[PDB]
Amino acid sequence: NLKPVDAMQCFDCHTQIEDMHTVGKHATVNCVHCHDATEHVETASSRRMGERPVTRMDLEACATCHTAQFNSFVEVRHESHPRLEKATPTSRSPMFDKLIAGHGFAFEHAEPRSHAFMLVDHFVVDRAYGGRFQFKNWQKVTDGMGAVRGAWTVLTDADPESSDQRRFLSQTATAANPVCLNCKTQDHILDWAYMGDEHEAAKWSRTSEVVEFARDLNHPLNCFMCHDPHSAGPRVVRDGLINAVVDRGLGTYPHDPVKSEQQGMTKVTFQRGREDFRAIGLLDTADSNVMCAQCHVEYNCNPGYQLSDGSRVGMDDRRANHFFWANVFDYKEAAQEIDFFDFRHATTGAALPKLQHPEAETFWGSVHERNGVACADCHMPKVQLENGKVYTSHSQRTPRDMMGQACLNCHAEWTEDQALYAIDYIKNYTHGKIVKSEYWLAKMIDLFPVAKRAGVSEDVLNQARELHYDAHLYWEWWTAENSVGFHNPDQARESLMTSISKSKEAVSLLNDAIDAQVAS
Amino acid sequence: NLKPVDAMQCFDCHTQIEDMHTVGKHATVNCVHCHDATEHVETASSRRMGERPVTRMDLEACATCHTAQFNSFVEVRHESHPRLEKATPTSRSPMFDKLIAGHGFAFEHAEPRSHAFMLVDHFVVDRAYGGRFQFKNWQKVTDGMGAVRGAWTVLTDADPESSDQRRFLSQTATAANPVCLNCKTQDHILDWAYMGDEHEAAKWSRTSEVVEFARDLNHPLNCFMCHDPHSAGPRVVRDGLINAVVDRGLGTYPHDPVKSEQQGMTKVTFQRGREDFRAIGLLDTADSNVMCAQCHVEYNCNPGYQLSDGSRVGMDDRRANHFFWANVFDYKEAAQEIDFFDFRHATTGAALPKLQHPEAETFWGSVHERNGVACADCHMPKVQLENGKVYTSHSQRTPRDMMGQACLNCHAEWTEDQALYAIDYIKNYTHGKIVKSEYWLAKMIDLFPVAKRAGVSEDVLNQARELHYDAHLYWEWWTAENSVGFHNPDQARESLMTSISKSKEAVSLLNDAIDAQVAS
Amino acid sequence: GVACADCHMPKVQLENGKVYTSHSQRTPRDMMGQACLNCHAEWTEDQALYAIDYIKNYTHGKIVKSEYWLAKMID
Amino acid sequence: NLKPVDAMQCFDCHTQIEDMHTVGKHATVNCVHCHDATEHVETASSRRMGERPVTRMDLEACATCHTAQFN
Ligand code: HEC
Ligand code: HEC
Ligand code: HEC
Ligand code: HEC
Ligand code: HEC
Ligand code: HEC
Ligand code: HEC
Ligand code: HEC
Ligand code: HEC
Ligand code: HEC
Ligand code: HEC
Ligand code: HEC
Ligand code: HEC
Ligand code: HEC
Ligand SMILES: O=S([O-])[O-]
Ligand SMILES: O=S([O-])[O-]
Ligand SMILES: O=S([O-])[O-]
Ligand SMILES: O=S([O-])[O-]
Ligand SMILES: [Ca+2]
Ligand SMILES: [Ca+2]
Ligand SMILES: [Ca+2]
Ligand SMILES: [Ca+2]
C-alpha cells in the first residue's frame, strides 16, 4: 500500500510546485501517487537534482481516483474502421496516390481511430519506421486497454540490436522523427527541452535517433496533457502550441483579440541548473478548443526544403517543430513566413506543402466557434444520468454516438434524424467538391509528362508548378481535415472552388503550350 | 413407394461397392434410393454393363434421410449481393478492366453468392456462353431451391437447335468449356473419364461441345462430392485435386509431410471393360480443407499458351485441367513447370497468368491452418442447440452470420464486436494494398503505348513485360482470393508489397527509356 | 462459496477498461452474463431464467396453499 | 478547495485511528475529506475533546474519488 511522503520537505526546494499544489483541487493529493523520490530527497541540493526521482506517466496513476474518466477515455469505438487506407475509392481521397506522389504518405495513410491506439498506430504504420514495429500478432489490434498500459506490451521490434531507421518491409518509409511523438505521448515530458532544442538536461531532442526514443515511450495521450497534475487546472503542454500562442503573440484565437484575452494561456517555465528547460501553458478557462489544438492542427514535424533556394531544412532547424497557427487562406503566407515547403511532386516537380488534420484552424470563425461552442461540446460532452454524479465523457468520438447530448440539447427544433441529415448535407456536398478538385488536379498532373516530352519551356512548366502549389493547398486541406467540411462549410466550399479554379488555369496553360509545340 | 432390391445380387458383380457399402454407415441403405437397375440386372454380364442403370444425382436423394443438412445447404444468403461486378470502384478490383484487358473476365466477373446458384450462375454469366443461357425471367434469380432442383427448371436456351459456342449478345464471351463444370456439378461423374481424357466409355471429355454438355447437367454441388454414397465416408471426387495430391505425390498438405500422412487421401479407381475409367479420393479424416479444395483453388480449366514459344495449348492437352497446388510464392515456378500462361495483355503485350480463388493454397501455413483449424470451423460449424441432436450446418457462408460458433467458442477473450474489428483491420489493410498495387500496375500499363510510340526498343519493352508478369501475379492472387487477406494476412502483405515493387521498377524503366528517346 | 455480491453486485466486464465492482444491488436478471452464466457455461440466459422461475413458481404455489390453509384455520 | 490538515498532529491523540489509517489503502487520504476539526484541534487535549469536530456522513464524501461505485 502507498505511504504518504512529507510534501513540506519537497516544497522547501520546489516553490513553483508548492504554489500550484497548495492552491488547486489536488491540495490533498500526496506526491507518492505519482513520484518515488526517496533517493532524490537524500541526494538533491537546492539547485542540483541529485538522484532522479521516478515519475509515473501511466494513465492508471489518475484512474485510481478518476475511474469514470479513465474508463470513458480507453473505450474503443469499434465502428471507427481500423487501418482503413484513405487512398481508396471508398474513403477520403480516391486519387491520393497520384496527387501526393513524392511524399511519404503514399506508403500508407489510414483514417484515424480511437485515441487509445495513437502511439501504437504511430509505431506500426507503414510510412513511419520501415515496418520495424508490428503488433505481436493480428489479435492485438483490438486491445485498447493493452495499448494504454504500454505500447511495448502489444508490439514487437524486428531488430532490438540496431537503432537506425531502415526498411524491414519493401513498401514502407521511415518518416518518423522525434517531433512526431509529441502528439502521441508525453511520457518524455521531463526528458525533452522546450521545442526539442538541444539542451544539456534533455535526454531527447529533434535530432535524436527516433528508434531509440520510441523504445523509451509507452502511453498514449496522457491525462496530464490537458490537466496540470499539481493544480488539477486546465493546461496545455505541447511546445509548438505554446510557441504559436505565447512566444509569437498570436493568441488562443488569432482572429479574435477579445476572446484571446478572456480565454488565454500563461506560459510557465521550469528550469534545470537555473536555465530554462521545459514549459507548460496554463489556461484561463477549461477551453477544449485549445486543449485539442495540441494535436489537431496543421504543423511541421519533419524535414523539408526552403521555398527561396530549395535547400534542405533538417530536424536540427526550429522549423522542424512548427505550428503554423493559420487558416487555409492564411497558410501560404504562413509557409512563406518560414520559407518552407514539404516535398517536390514526383511527376510535376512542383514544390508543395503537406497538410495535416487542421481541425483547430478550420473551426475558427465558424458559426459554432463564434457562438462560443468548443470541441468538447460535440466530441466529449457531459454525461446525462437519470440519477448520478455528472462527469465529462472522455470518449472523444463522433457526435453521431451521442446526438442528444452533443447536438439536440442545443438544437431543440430537430429530431436526431434531422440533425444527422444536416451533417450529411454538408459532408456530401463537400466530398463532391473534394472529388472534383482531385479530378482537376489529376488532369493537370497528367499533362506534365506530355508537356515536358513535347518540349514545353521551363518557364511555362514553372508557371504551372506555381499553380500546382495553390491547387494542392486548397484541396489537401480538406482531405487532411476530418470533418469533411462540417467544421466550416462555407470555407471548405470557397477553398475547394479555388483549388478547381487553379487546376483549370494550369490545364489550359499546359494544353495550349502543348498544342503550340505540336503546331511547331 | 420405393421397393428394396436384393443388394446381394448386385454385390455378386460389384465387389468394390460391396466392400465399401457393407462396412460403412450406409450398410442399411438400399440401392433403390439412388439406382434403378432392373434392366441392368437382366442384361449385364460379369464384365459388360448391358443396359445402363439410372443413377440419381439430385440432392433430394439424400434429403429424404438428411433433411436438416439439405435444408441448411439450400439456404440463400440474401445479404450476399447477387450479380455484383468486381470491376467497380465499390467492389474488389476498381481497376480490373485495365489490368485484365485481353482476358475473358473483362466481360463480367461478379462476386460469388450462395452455393445453390453455382451451376445456373456459371451458365448465365456474360463471359461463359455468349449470353445463350438466361434465367426464364428476372424473378428466377431468387430461386435457390429451384436451381437445386435443376438448372433447366429456371433457365432458357436462346437456340435449342444449335450447339456451337457463339455470341447472342454483343458484349459476351464464350469462355466456358467442359472442364469448368467439374467445379459446378458432378452430375457427369459416370460420364467423364479421370481428367477428362478421351475414353471409349466417356460420353463427355475436355474436347466436347460444351453447349451439348451443359444441357445434360442439372444440379449444383452434389452431396456426394464430399461424401461417398456407398460408405458415407469422407472423400473428394474432383480429378484435378486427386491428380495433384496423389498422382503427383504432393500430399494433402504439401508444406507438411506429417499432416499429409495423418490426413491423407487414397485414390480408388473404377473401371469400364477392365480399363481404368474414373477415380475418387477417400479421405483418412473428414477434412474440410481438402473437401473445399475441390473447387476453391487456383487452376487451369481453359486453353492458353506456352511460355517457351507462345504456341497454343488447347483443351485436348492435359494442362487444360490442372491444379497448380502451389501458394503465391511457388506459383511462378508451378506455371513454368507446365510451360503455361493464360493470356497476353491487350495493352502491354505481356504474357500473364490468370489467377482464380486460391483459398486453399492461401490458407496453408497460416496461423489457423498450423493450429489444425479447417474451412468448416469458420464456414460450416456444428449447430448449437439448447435441446436437440447436433448436426453440421451445410450453409457455407461468412462467419459474420454465426460468430458465436465460428469464432468466439475458440476466442473466449473477445466479444463479437472485437472479433469483427480484428477481421476488418486485416481486410481494410489488405484492400488498401490491393488498391495501391492496382494504381502502380495501371501507371505502368499506361506507359506502354507512350513507350512504343516514342520508339522505345523491344528489349526494354520485353524487360517491362517480364516485370508485368510478376507485378500481375502478386496483385491478382488477392483480388481472386475471397478473404481479402484474412486467410493469410502476412502473406497478402508480402505479396502485395512485391507487386508494387515490381510495378515501380517497370515504371522507372519505361519513364527513363521514354525520356532518353525524347532527348533523342 | 458463492456470496450475495456474486449474483447481486458482480464485477463489471468491459471490453477495454479498469474493472470495478458494480454497486447497483439488484436482481441478476439485469446482468445474467456476469451474475449467472460465467459460472453456468452450459446454459443460455433463457435456460438460466427458466431454472429460476421453476423454483419461484413452485415455491409461490406452496405459499398460496399455505395461506389457503392458514385462512381456513383462522376462519 | 480543500486544504490538507497535519494528520500526524491528529495521530498524537488518535492512536487507534493511526494504526488503521497508516496501514490500509487510505493512508494517503487526508482527514479533511471527511472531518472539519479546526476548532477541535484548537481546544482538545488527549483527555478532553474540546470542541466537537464535524464528521461527513454524506455519500459524496466518497464519490469524489470513487465516482464509478457511487454512480
Ligand atoms: C499525479 C497525480 C502527481 C501528483 C500527485 C504529484 N505529481 Fe509532480 N509531476 C507529475 C507529472 C505527470 C510531472 C511531469 C511534468 C508535468 O508537468 O506533467 C510532474 C512533475 C513534477 C516536478 C518537475 C517539474 C519540473 O521542474 O520539470 C516536480 C518538482 C514535482 N512534480 C513535484 C511534486 C510534488 C512535490 C508533489 C507532492 C506535493 C507532486 N509533484 C505530486 C505528477 C504528479
Ligand atoms: C486521488 C488520491 C487522486 C488522484 C490519484 C488524482 N486525482 Fe484528480 N482530483 C482528486 C480530488 C479529490 C479532486 C477534487 C474533486 C472536487 O471536485 O472537489 C480532483 C480533481 C481533479 C480535476 C478537476 C479540477 C478542477 O476542476 O479544477 C481534474 C481535472 C483532475 N482531478 C485530474 C487528475 C489527473 C489528470 C490525475 C492523474 C495525473 C489525477 N487527477 C489524479 C483526486 C485525485
Ligand atoms: C500533432 C501536431 C501531430 C504531429 C506532430 C504528428 N501527428 Fe500523427 N496524428 C495527429 C492527429 C491529430 C491524428 C488524427 C487525425 C488524422 O487526420 O489522422 C494523427 C494521426 C496519425 C496516424 C493514424 C492515421 C494515419 O495517418 O495512418 C498515424 C499513423 C500518425 N499520425 C503518424 C504520425 C507520424 C509518423 C508523425 C511524424 C512524421 C506524426 N504522426 C506526427 C497529430 C499529430
Ligand atoms: C484534453 C484532450 C484532455 C485529456 C488528455 C484529459 N482530459 Fe479530463 N477533461 C477534459 C475536458 C475538456 C474536461 C471538462 C472541463 C470542463 O469543465 O468542461 C475534463 C474534465 C475532467 C475532470 C473533471 C470532472 C469531470 O468533468 O469529469 C476530471 C477528474 C478529468 N477530466 C480526468 C481526466 C483523466 C483521468 C484523464 C486521463 C484518462 C483525462 N482527464 C484526460 C479534457 C481532457
Ligand atoms: C459541433 C458543433 C462540433 C464541434 C464543436 C466540433 N466538431 Fe468535430 N465533428 C463534428 C461533426 C458533425 C463531425 C462529423 C462526424 C460524423 O460522424 O460525420 C466531426 C468530425 C470530427 C472528427 C472526425 C470524427 C470521425 O469521423 O470519426 C474529428 C477528429 C474532429 N471533428 C475534431 C474536432 C476538433 C479538434 C474540434 C475543436 C477544434 C471539433 N471537432 C469541434 C462536430 C463538431
Ligand atoms: C445414394 C444414397 C446411393 C446409394 C444408396 C447407392 N448408390 Fe451406388 N452410386 C451413387 C452415386 C451418386 C454414384 C456415382 C458415382 C459416385 O462415386 O458418386 C454411384 C455409383 C455406383 C456404381 C458405379 C461405380 C463405377 O464403376 O463407376 C455402382 C456399381 C453402384 N453405385 C452400385 C450400388 C449398389 C450395388 C448399391 C446398393 C448396395 C448402391 N450403389 C447404393 C449413389 C448411391
Ligand atoms: C435413408 C434411407 C438414407 C439415405 C437416402 C441417405 N442416408 Fe446418409 N445416413 C443414413 C443413416 C441411417 C446414417 C447413419 C447415421 C448414424 O450416425 O448412425 C447415415 C450417415 C450418413 C453420413 C455420416 C457418415 C459417417 O459419419 O461416417 C453421411 C455423411 C451421409 N449419411 C451422407 C449421405 C449422402 C451424401 C446421401 C445422398 C447421396 C445420403 N446420406 C442418403 C441414412 C440415409
Ligand atoms: C402488381 C401491381 C405488381 C406490382 C405492385 C409489383 N409487381 Fe412485379 N410483376 C408483376 C407481374 C404480373 C409480373 C410478370 C409475371 C410473369 O411471370 O410474367 C411481374 C414481374 C416482375 C419481375 C420480372 C421482371 C422481368 O423483366 O422478367 C420482377 C423482378 C418483379 N416483378 C419484381 C417486382 C418488385 C421488386 C416489385 C416491388 C418494387 C414489384 N415487382 C411490384 C406484378 C406486380
Ligand atoms: C474449380 C477449380 C473451378 C473451376 C474449374 C471453375 N470454377 Fe468458377 N468458381 C469456382 C469457385 C470456388 C467460385 C466462387 C469463388 C469466386 O471467387 O468466385 C467460382 C465462381 C464462378 C462464378 C460466379 C462468380 C463470377 O465470377 O461471376 C462464375 C460465373 C464461374 N465461376 C464461372 C466459371 C467458368 C466460366 C469456368 C470455366 C472457364 C469456371 N467457372 C471454372 C471454382 C471453379
Ligand atoms: C463438401 C463441400 C460437402 C458437401 C458437398 C456436403 N457435405 Fe455433408 N458434411 C461435410 C462436412 C465438412 C461434415 C462434417 C464432418 C465432420 O465430422 O466434421 C459433413 C457432415 C455431414 C453429415 C453427418 C452428420 C452431421 O454432422 O451433420 C451428413 C448426414 C451430411 N453431411 C449430409 C450431407 C448432405 C445431405 C449433403 C447434400 C445436401 C452434403 N452433406 C454435402 C461436407 C460436405
Ligand atoms: C476461420 C479461422 C476461417 C477459416 C478456417 C476459413 N475462413 Fe474463409 N473466411 C474467414 C473470414 C473471417 C472471411 C471474411 C468474411 C467476411 O464476412 O468478412 C472469410 C472469407 C471467405 C470467403 C468469402 C466469403 C464472403 O465474403 O462472403 C470464402 C469463399 C472463403 N473464406 C473460403 C474458405 C476456404 C475454402 C477455407 C478452407 C481452405 C476457409 N475459407 C477457411 C474465416 C475463415
Ligand atoms: C478454433 C477452431 C478457432 C477458430 C474457430 C477461430 N480461431 Fe482465431 N486463432 C485460434 C488460435 C489457437 C490462434 C493462435 C493463438 C496464438 O496466440 O498463437 C488464432 C489466431 C487468430 C488471429 C491472429 C492471426 C495472426 O496471423 O496473428 C486472429 C486475427 C484470429 N484468430 C481471429 C479469428 C476470427 C476472426 C475467427 C472467426 C472467423 C477465428 N479466429 C476463429 C483459434 C481459432
Ligand atoms: C455493503 C452493502 C457495501 C456498501 C454500503 C458499499 N460497498 Fe463498496 N464494495 C462492496 C463489496 C462487496 C465490494 C467488492 C469487494 C471484493 O473485493 O469483492 C466493494 C468494493 C468497493 C471498492 C473497491 C473497488 C471495486 O471493487 O470497485 C470501492 C472503491 C468501493 N466499494 C466504494 C464504495 C462506495 C463509494 C460506496 C458508497 C457509494 C460503497 N462502496 C458502499 C460492498 C459495499
Ligand atoms: C480520494 C481523496 C479518496 C477518498 C475521498 C475516498 N477514497 Fe477510497 N480509495 C482511495 C484510494 C487512492 C484507494 C486505493 C486505490 C488502490 O487500489 O490503490 C482507495 C481504496 C478504497 C477501497 C478499496 C480498499 C481495499 O482494501 O481494497 C475502498 C473499499 C474504498 N477506498 C472506499 C472508500 C469510502 C467508503 C470512501 C468514503 C468514506 C472513500 N473510499 C473515499 C481514494 C479515496
Ligand atoms: O544547497 S547548496 O546549493 O548550498
Ligand atoms: O501524420 S500525422 O500528422 O497524421
Ligand atoms: O459372364 S461372362 O463374362 O462369362
Ligand atoms: O471462373 S471461376 O473460376 O470463378
Ligand atoms: Ca475515425
Ligand atoms: Ca504540414
Ligand atoms: Ca459473396
Ligand atoms: Ca488460373
Side-chain angles (χ1 to χ4, degrees), chain A residues 77 79-80 111-114 135-142 288-293 295-297 357-364 366-369 371 373-379 396-401 406-407 410 419-420 422-424 426-427 481-487, chain B residues 2 24-30 33-34 56-57 59-66 69-70 222-234 286 366-368 370-374 377-379 381 392 398-400 403 405-411 414 418-423 425-426 486 488-490:
Chain A
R77 188 174 188 267
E79 297 73 27
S80 287
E111 293 186 23
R113 60 169 178 164
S114 295
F135 284 104
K136 286 176 168 174
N137 56 60
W138 293 90
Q139 309 170 262
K140 301 300 191 175
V141 309
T142 65
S288 63
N289 291 332
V290 177
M291 293 171 177
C292 307
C295 306
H296 286 269
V297 289
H357 41 66
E359 287 82 47
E361 305 97 318
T362 300
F363 189 59
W364 295 331
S366 69
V367 171
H368 286 111
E369 184 272 320
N371 278 287
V373 187
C375 319
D377 297 319
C378 302
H379 294 291
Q396 292 89 21
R397 64 172 67 198
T398 173
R400 289 191 201 252
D401 291 8
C407 313
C410 282
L420 296 171
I423 295 163
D424 287 327
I426 290 159
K427 295 186 77 184
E481 212 266 0
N482 279 280
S483 75
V484 199
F486 184 84
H487 291 152
Chain B
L2 291 177
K25 285 191 196 295
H26 278 176
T28 67
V29 182
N30 192 260
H33 282 282
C34 304
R56 290 182 61 183
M57 317 265 166
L59 289 65
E60 290 185 273
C62 314
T64 183
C65 303
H66 304 297
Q69 293 83 0
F70 175 87
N222 314 66
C223 305
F224 56 76
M225 290 203 64
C226 299
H227 304 296
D228 188 85
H230 306 114
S231 72
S366 69
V367 171
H368 286 111
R370 296 284 75 210
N371 278 287
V373 187
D377 297 319
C378 302
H379 294 291
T392 303
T398 173
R400 289 191 201 252
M403 290 296 281
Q405 309 96 111
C407 313
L408 308 173
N409 277 173
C410 282
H411 291 279
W414 269 342
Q418 290 175 310
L420 296 171
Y421 192 76
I423 295 163
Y425 192 105
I426 290 159
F486 184 84
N488 200 334
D490 297 331

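Atoms within a ligand are numbered from 1 in the order they appear, just like the ligands themselves. Sequence lines set the chain letters: A, B, ... in the order given, protein chains first and strands last, and positions in each chain run from 1. These numbers come from the heavy atoms of this one structure, side chains and all, not from hydrogens, waters or symmetry mates.
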- prompt: Counting only N and O atoms by type, is there a donor-acceptor contact under 3.5 Å from the side chain of A:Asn137 to the main-chain atoms of A:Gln139?
  reply: yes
message: So for B:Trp414, does at least one of its heavy atoms come nearer than 4.0 angstrom to any atom of ligand 12?
response: yes
Spacing of A:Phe363 atom CZ and A:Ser483 atom OG [to the nearest 0.5 Å]: 10.0 Å
field: Closest approach of any protein heavy atom to atom 18 (O) of ligand 5, naming residue and atom
entry: A:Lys427 NZ, 2.7 Å
- prompt: N/O to N/O below 3.5 Å, does that happen between A:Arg400 and ligand 5?
  reply: yes
Nearest neighbour in protein (non-hydrogen) for atom 35 (C) of ligand 12: B:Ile423 CG1, 3.3 Å
Protein N/O/S neighbour count - atom 8 (Fe) of ligand 12, strictly under 2.8 Å: 2
message: Taking 4.0 Å as the limit for heavy-atom contacts, which would you say applies to B:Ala61 with ligand 7: side chain only, backbone only, both, or neither?
response: backbone
field: Stepwise side-chain contact (heavy atoms from CB on, under 4.5 Å) check, A:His368 with A:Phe486
entry: CA-CA 10 Å; A:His368 286 111; A:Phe486 184 84; 4.2 Å; yes
message: Return the CZ to SG distance between A:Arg400 and A:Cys378, rounded to the nearest 0.5 Å.
response: 12.5 Å
message: Within the 3.5 Å criterion, strictly below it, is a donor on B:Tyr425 or A:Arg113 matched to an acceptor on the partner's side chain?
response: no
query: How far is atom 5 (C) of ligand 12 from its nearest protein heavy atom, and which residue and atom name does that atom have?
result: B:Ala406 O, 2.7 Å
- prompt: Which atoms from ligand 5 have a heavy atom of A:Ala374 less than 4.0 Å away?
  reply: 5 (C)
message: Given a threshold of 2.8 Å, state how many protein N/O/S atoms are nearer than that to atom 8 (Fe) of ligand 5.
response: 2
field: A:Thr398 and A:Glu79: CA distance, side-chain angles, deciding distance, side-chain contact (heavy atoms from CB on, under 4.5 Å) verdict
entry: CA-CA 10 Å; A:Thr398 173; A:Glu79 297 73 27; over 6 Å; no
task: Using side-chain hydrogen bond (donor to acceptor under 3.5 Å, both in side chains) as the criterion, point out the one residue from A:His379, A:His487, A:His296 that pairs with A:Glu359.
output: A:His296
- prompt: Can you list the ligand 7 atoms lying under 4.0 Å from a non-hydrogen atom of B:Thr64?
  reply: 5 (C)
- prompt: Got a donor-acceptor contact below 3.5 angstrom from the B:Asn222 side chain to the B:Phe224 backbone?
  reply: no
- prompt: So is A:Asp377 close enough to ligand 5, meaning a heavy atom under 4.0 angstrom away?
  reply: no
message: In the complex you have, is atom 15 (C) of ligand 7 within reach of the protein, judged by whether a heavy-atom distance drops under 4.0 Å?
response: no
query: At their closest point, which heavy atom of B:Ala422 faces which heavy atom of A:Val141, and how far apart are they?
result: CA-CG2, 4.1 Å
message: Between ligand 12 and A:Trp138, is the shortest N or O to N or O distance under 3.5 Å?
response: yes
- prompt: Between B:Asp377 (side chain) and B:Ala374 (backbone), is there a donor-acceptor pair under 3.5 Å?
  reply: yes
- line: dist B:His411:NE2 -> B:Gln418:CD (nearest 0.5 Å) comes out at 12.0 Å
message: Tell me whether A:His357 contacts the main-chain N or O of A:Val297 through its side chain, where contact means a donor paired with an acceptor under 3.5 Å.
response: yes
query: What's within reach of atom 8 (Fe) of ligand 7, meaning protein N/O/S atoms under 2.8 Å?
result: B:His26 NE2, B:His66 NE2
query: Is atom 24 (C) of ligand 5 less than 4.0 angstrom from some protein heavy atom?
result: no
Expected output: side-chain B:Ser231 to main-chain B:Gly24 donor-acceptor under 3.5 Å: no
message: Among all the protein's heavy atoms, is there at least one whose distance to atom 12 (C) of ligand 7 comes out below 4.0 Å?
response: no
message: For the SG atom of B:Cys62 and the NE2 atom of B:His227, what is their distance to the nearest 0.5 Å?
response: 8.5 Å
task: Hey, could you give me the CD1/OG1 distance between B:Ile423 and A:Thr142, rounded to the nearest 0.5 Å?
output: 11.5 Å
task: Look at the side chain of B:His26 and the backbone N and O of B:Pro229, then say whether any donor-acceptor pair between them is shorter than 3.5 Å.
output: yes
field: Nearest atoms (heavy-atom pairs only) where B:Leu408 meets B:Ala419
entry: CD2-CB, 3.9 Å
- request: Please identify each residue that fulfils side-chain contact (heavy atoms from CB on, under 4.5 Å) with B:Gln69, with sequence neighbours left out.
  value: B:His66, B:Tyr391, B:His394
query: Looking just at side-chain N and O atoms, do A:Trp138 and B:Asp490 make a donor-acceptor pair shorter than 3.5 Å?
result: yes
- prompt: What's the spacing between B:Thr64 OG1 and B:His33 NE2 if we round to 0.5 Å?
  reply: 6.5 Å
Any non-hydrogen protein atom less than 4.0 Å away from atom 27 (O) of ligand 12: yes
